[PDB]
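Enquirer:
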Amino acid sequence: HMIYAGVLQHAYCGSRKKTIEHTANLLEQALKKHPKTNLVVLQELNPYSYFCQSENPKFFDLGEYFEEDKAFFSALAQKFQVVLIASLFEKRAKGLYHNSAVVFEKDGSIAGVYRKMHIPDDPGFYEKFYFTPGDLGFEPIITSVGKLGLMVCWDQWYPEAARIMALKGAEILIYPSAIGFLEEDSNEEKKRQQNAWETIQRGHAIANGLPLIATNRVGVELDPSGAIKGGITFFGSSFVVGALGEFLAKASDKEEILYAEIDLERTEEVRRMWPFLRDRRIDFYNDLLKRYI
Amino acid sequence: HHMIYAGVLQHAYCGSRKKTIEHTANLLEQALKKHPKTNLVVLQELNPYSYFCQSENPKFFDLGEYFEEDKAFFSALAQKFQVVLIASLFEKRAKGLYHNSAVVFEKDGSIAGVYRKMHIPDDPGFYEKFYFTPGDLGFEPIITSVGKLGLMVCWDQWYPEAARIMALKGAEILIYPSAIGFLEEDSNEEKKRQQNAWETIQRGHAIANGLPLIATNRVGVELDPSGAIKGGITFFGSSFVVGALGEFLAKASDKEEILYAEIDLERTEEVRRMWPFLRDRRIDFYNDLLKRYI
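The listed protein sequences derive, respectively, from chains B and A. Residues in the first sequence are numbered consecutively from 0, following the deposited numbering. Residues in the second sequence are numbered consecutively from -1, following the deposited numbering.
As structure tokens, then:
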């Protein structure tokens, strides 16, 4: 059981149409450069700007594309016969939206949908205004390349989420992300932010004996409201680690096709060496259900 | 202000209980002369003893008879140097019943609290489930004059759940006396990956909870007295301290070492304002954490 993973890390191209066409070109390039690729993961909200930089209800208009986006990325997955993970903007109902990652099987059928569960809220990342927190919970998505523990961005800071996926048979953890720095940040803070983002996810891999893919976009994006001067600089640096937290591939902070070959069969050997799941003291984990004590 | 001036005593087993604890006392004295501000000293796991779980032999339960003498010895040390002191001891709770128990001594030598190791490993050369009954007190921080200590022991440090529960109960720092080493069979790549994973997962506890973290470890080669494991265990030291962003504040060698770190607990406020993970935890969908597997 092998996953030959491709990560398409790029900038927003100024419109939805141009951006999704650019992603389609990179997918084609990725499959020529790496013909064994059976899983392609896109960045969070891959057709769009990171529109949560400001709190503005006009951006809910972008929710009207969900079915067209799925048709577009469904066709891509079937055309290139890969499992494809897109990160989309789901309109659940009038006035009701989710940050929803969609997994396309290699025949274009939808293997599953994950609604972002943990929703952030900081200046420049006003996601709680737009995204209703997911209500399906932490459920892996079964695909022809394995049972995918798929979550989105802010979810990656929560060990609880990765553990629940692992307990439900996930064979890999995957997080399309949108993370960048502000003009105000010092070099020390940027390095610490990015290193902590990498480190916490490497811990999910180690704790669960599972490999992990994290994707991210690149490029400077300016605040249309003008509140945040210098906008957000997305640092890319998508990466893949194995079941011991060891790096399998690491990207630059520029546009990049990242490739890694992931052996799922190592999970048995890693968990035999480190049987964390055997030893979890679930009889004393009840306090995890509390906000604070 | 609210500062912890932390000292870690990383050393080898000295061939006997008596020599080892006296060696710890001498190192503690050296540490306080070099770092006079020290208000917290953390020892290595099972600090008076060899890592006797390398083999499964019921005679080592005889070591459980020293618990009160060990507590008296390290109580007197904490009182002599007026530091909060964390020892990692071997508790005989009753006939046939033992725990891996870390004990916290207040600066006056009184016992601030006791933590019984919760997660008990069982791997060749690490036969801990044979000796240690799993803790029954749970994950409770221990209140001391230098802060609320989220104290756990060794194998506990691989479990984000335990660190989280401590943080939810107001721990201001996470602390793990450990005993971790490599076997002669391990390649250099495997040895490097093991040690890096051990550090990395603990840095994640610090990040996830916005709390600083201390990890301690012993050094030295210790041979299997039964002869089953050729080459024994080489404990790689590398005690370390990280802050609430996962950043290293101090990192030790693989030799005997007094490691010192100044830890600002007040940083937790600014870190959690920046990274409000606790506000956003989806506790309404965490129920499945209570299952063995699903």
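The beta-carbon is built from N, C-alpha and C at its ideal position, and this holds for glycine as well.
State buried or exposed for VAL6 (chain A), treating a residue as buried only when at least 16 other CB atoms are found within 10 Å of its CB.
Expert: As a working note, residue 6 (chain A) is residue 8 in the second sequence. Answer is buried; the Cβ neighbour count reaches 16.
Enquirer: Use the C-beta contact count for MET272 (chain A): other C-beta atoms within 10 angstroms, 16 or more gives buried, fewer gives exposed.
Expert: Taking the first residue of the second sequence as position 1, residue 272 (chain A) is located at position 274. Exposed: under 16 other Cβ atoms inside 10 Å.
Enquirer: Determine, using beta carbons only, whether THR131 (chain A) comes closer than 7 Å to chain B.
Expert: Translated into the one-based positions of the second sequence, residue 131 (chain A) becomes position 133. Closer than 7 Å: no.
Enquirer: Measuring straight from C-alpha to C-alpha, what distance separates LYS16 (chain A) and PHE65 (chain A)?
Expert: What you label residue 16 (chain A) is simply residue 18 of the second sequence in a count that begins at 1. What you label residue 65 (chain A) is simply residue 67 of the second sequence in a count that begins at 1. Cα-Cα distance, rounded: 13 Å.
Enquirer: Please classify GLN28 (chain A) as buried or exposed, where buried requires at least 16 other C-beta atoms within 10 Å of its C-beta.
Expert: As a working note, residue 28 (chain A) is residue 30 in the second sequence. Burial call: exposed.
Enquirer: Just to confirm before moving on: does the CB-CB distance between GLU245 (chain A) and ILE231 (chain A) stay below 7 Å?
Expert: Here the question's residue 245 (chain A) lines up with position 247 in the second sequence. Here the question's residue 231 (chain A) lines up with position 233 in the second sequence. No, the Cβ-Cβ distance between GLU245 (chain A) and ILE231 (chain A) is not below 7 Å.
Enquirer: Can you name the residues of chain B whose CB is closer than 7 Å to the CB of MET116 (chain A)?
Expert: To locate residue 116 (chain A), count along the second sequence from 1; it is residue 118. Result: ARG280 and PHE283.
Enquirer: Looking at the C-beta of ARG270 (chain B), does it have a partner C-beta in chain A at a distance below 7 Å?
Expert: Taking the first sequence and counting its residues from 1, the one referred to as residue 270 (chain B) is at position 271. Closer than 7 Å: no.
Enquirer: Any chance the segment 253 to 265 of chain B sits against the segment 267 to 287 of chain A, with 3 or more Cβ pairs inside 8 Å?
Expert: The segment 253 to 265 of chain B vs the segment 267 to 287 of chain A: no contact.
Enquirer: So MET164 (chain A) is in the alpha helix (DSSP H); what residue range does that whole segment cover?
Expert: Translated into positions along the second sequence, residue 164 (chain A) becomes position 166. Run containing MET164 (chain A): 158 to 166, per the alpha helix (DSSP H) assignment.
Enquirer: To which residues of the same chain is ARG265 (chain A) closer than 6 Å at the C-beta, ignoring the five residues directly before and after it?
Expert: The residue given as residue 265 (chain A) occupies position 267 in the second sequence. For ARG265 (chain A), where only same-chain residues beyond five positions count, the Cβ hits under 6 Å are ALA242.
Enquirer: Less than 6 Å between the CB of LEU221 (chain B) and some heavy atom of the ligand NAP, yes or no?
Expert: By its list of ligands, the structure shown contains no ligand whatsoever, and the ligand NAP lies outside what it can speak to.
Enquirer: Where do the N-terminal and C-terminal ends of the beta strand (DSSP E) with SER99 (chain A) fall, by residue?
Expert: The residue labelled residue 99 (chain A) in the question sits at position 101 within the second sequence. Its beta strand (DSSP E) spans residues 95 to 103.
Enquirer: Going by beta carbon distance, what residues of the same chain come within less than 6 Å of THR18 (chain B), once the five residues before and after it are set aside?
Expert: Here residue 18 (chain B) corresponds to residue number 19 of the first sequence, with the count starting at 1. Contacts found: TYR11, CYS12 and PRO46.
Enquirer: Can you find the residues in the same chain that come closer than 7 Å, C-beta to C-beta, to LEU287 (chain B), ignoring five residues on each side of it along the sequence?
Expert: In the first sequence, counting from the first residue as 1, residue 287 (chain B) sits at position 288. Cβ within range, chain order: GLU159.
Enquirer: At a cut of 8 Å, does the segment 36 to 56 of chain A reach the segment 125 to 132 of chain A through at least three beta carbon pairs?
Expert: Touching, per the Cβ criterion.
Enquirer: Are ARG191 (chain A) and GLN42 (chain A) close, meaning C-beta to C-beta below 7 Å?
Expert: Numbered from 1 along the second sequence, position 193 holds the residue referred to as residue 191 (chain A). Numbered from 1 along the second sequence, position 44 holds the residue referred to as residue 42 (chain A). Cβ distance not < 7 Å, so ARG191 (chain A) and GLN42 (chain A) don't count as in contact.
Enquirer: How would you list, in chain order, the residues of chain A whose beta-carbon sits under 7 Å from the beta-carbon of residue 293 (chain B)?
Expert: There is no way to answer for residue 293 (chain B), as the model of chain B reaches only from 0 to 292.
Enquirer: Within this structure, are the beta carbons of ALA177 (chain B) and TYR96 (chain B) separated by less than 7 Å?
Expert: Here residue 177 (chain B) corresponds to residue number 178 of the first sequence, with the count starting at 1. Here residue 96 (chain B) corresponds to residue number 97 of the first sequence, with the count starting at 1. No, the pair does not count as a contact, with Cβ atoms beyond the cut-off.
Enquirer: In the DSSP assignment, find the alpha helix (DSSP H) that holds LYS31 (chain B) and state where it starts and stops.
Expert: Your numbering for residue 31 (chain B) matches position 32 in the first sequence. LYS31 (chain B) -> alpha helix (DSSP H) spans 15 to 32.
Enquirer: Using three-state DSSP, classify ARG290 (chain A) as helix, strand or coil.
Expert: Stepping through the second sequence from its first residue, residue 290 (chain A) is reached at position 292. Of the three classes helix, strand and coil, the one that applies to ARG290 (chain A) here is coil, per DSSP.
Enquirer: Just the Cα atoms here: how many angstroms apart are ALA4 (chain B) and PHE71 (chain B)?
Expert: For the purposes of this step, residue 4 (chain B) is taken as residue 5 along the first sequence, with counting starting at 1. For the purposes of this step, residue 71 (chain B) is taken as residue 72 along the first sequence, with counting starting at 1. Their backbone Cα atoms lie some 20 Å apart in a straight line.
Enquirer: Under the rule that 16 or more other beta-carbon atoms within 10 Å means buried, what is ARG290 (chain B), buried or exposed?
Expert: Here the question's residue 290 (chain B) lines up with position 291 in the first sequence. Result: exposed.
Enquirer: Mind listing, in chain order, the continuous beta strand (DSSP E) runs of no fewer than 3 residues lying wholly within the segment 151 to 234 of chain A?
Expert: The segment 151 to 234 of chain A contains these whole beta strand (DSSP E) runs: 171 to 175, 179 to 181, 211 to 214, 217 to 220 and 231 to 234.
Enquirer: Look at the alpha carbon of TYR174 (chain A) and the alpha carbon of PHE238 (chain A), and state the distance between them as a whole number of angstroms.
Expert: Locating residue 174 (chain A) in the second sequence gives position 176, where the first residue counts as 1. Locating residue 238 (chain A) in the second sequence gives position 240, where the first residue counts as 1. Taking the straight line joining both Cα atoms gives about 10 Å.
Enquirer: Compare the C-beta of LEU243 (chain B) with all C-beta atoms of chain A and state if any pair is closer than 7 Å.
Expert: Here residue 243 (chain B) corresponds to residue number 244 of the first sequence, with the count starting at 1. It does: the Cβ of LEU243 (chain B) has a partner Cβ on chain A nearer than 7 Å.
Enquirer: Using C-beta distances below 6 Å, list every residue in its chain close to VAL112 (chain B), excluding the 5 sequence neighbours before and after it, in chain order.
Expert: Residue numbering aside, residue 112 (chain B) sits at position 113 when the first sequence is read from its first letter. Once the five neighbours on either side are set aside, the close Cβ partners of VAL112 (chain B) are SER99 and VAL101.
Enquirer: Taking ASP278 (chain A) as part of the alpha helix (DSSP H), name the residues at either end of that continuous run.
Expert: Taking the second sequence and counting its residues from 1, the one referred to as residue 278 (chain A) is at position 280. Segment 275 to 278, the alpha helix (DSSP H) holding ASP278 (chain A).
Enquirer: Distance, Cα to Cα, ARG162 (chain A) vs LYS69 (chain A)?
Expert: The residue you call residue 162 (chain A) lines up with position 164 of the second sequence. The residue you call residue 69 (chain A) lines up with position 71 of the second sequence. Taking the straight line joining both Cα atoms gives about 29 Å.
Enquirer: Using a beta-carbon distance below 7 Å, is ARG91 (chain A) in contact with chain B?
Expert: The sequence position of residue 91 (chain A) within the second sequence is 93, counting from 1. Cβ-Cβ to chain B under 7 Å: no for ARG91 (chain A).
Enquirer: By DSSP, does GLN42 (chain A) sit in helix, in strand, or in coil?
Expert: Locating residue 42 (chain A) in the second sequence gives position 44, where the first residue counts as 1. Three-state result, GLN42 (chain A): coil.
Enquirer: Based on DSSP bridge pairs, tell me the residues matched to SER86 (chain A).
Expert: Here residue 86 (chain A) refers to the residue found at position 88 when the second sequence is read from its first residue. Partner(s): A:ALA100.
Enquirer: Any idea what DSSP makes of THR142 (chain B), helix, strand or coil?
Expert: By one-based count along the first sequence, residue 142 (chain B) stands at place 143. Of the three classes helix, strand and coil, the one that applies to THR142 (chain B) here is strand, per DSSP.
Enquirer: What does the alpha-carbon distance come out to for the pair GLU104 (chain A) and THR131 (chain A)?
Expert: Mapped onto the second sequence, residue 104 (chain A) falls at position 106. Mapped onto the second sequence, residue 131 (chain A) falls at position 133. Taking the straight line from one Cα to the other gives about 26 Å.
Enquirer: Over the uninterrupted alpha helix (DSSP H) stretch that includes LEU75 (chain A), give me the two end residues.
Expert: What you label residue 75 (chain A) is simply residue 77 of the second sequence in a count that begins at 1. Residues 65 to 79.
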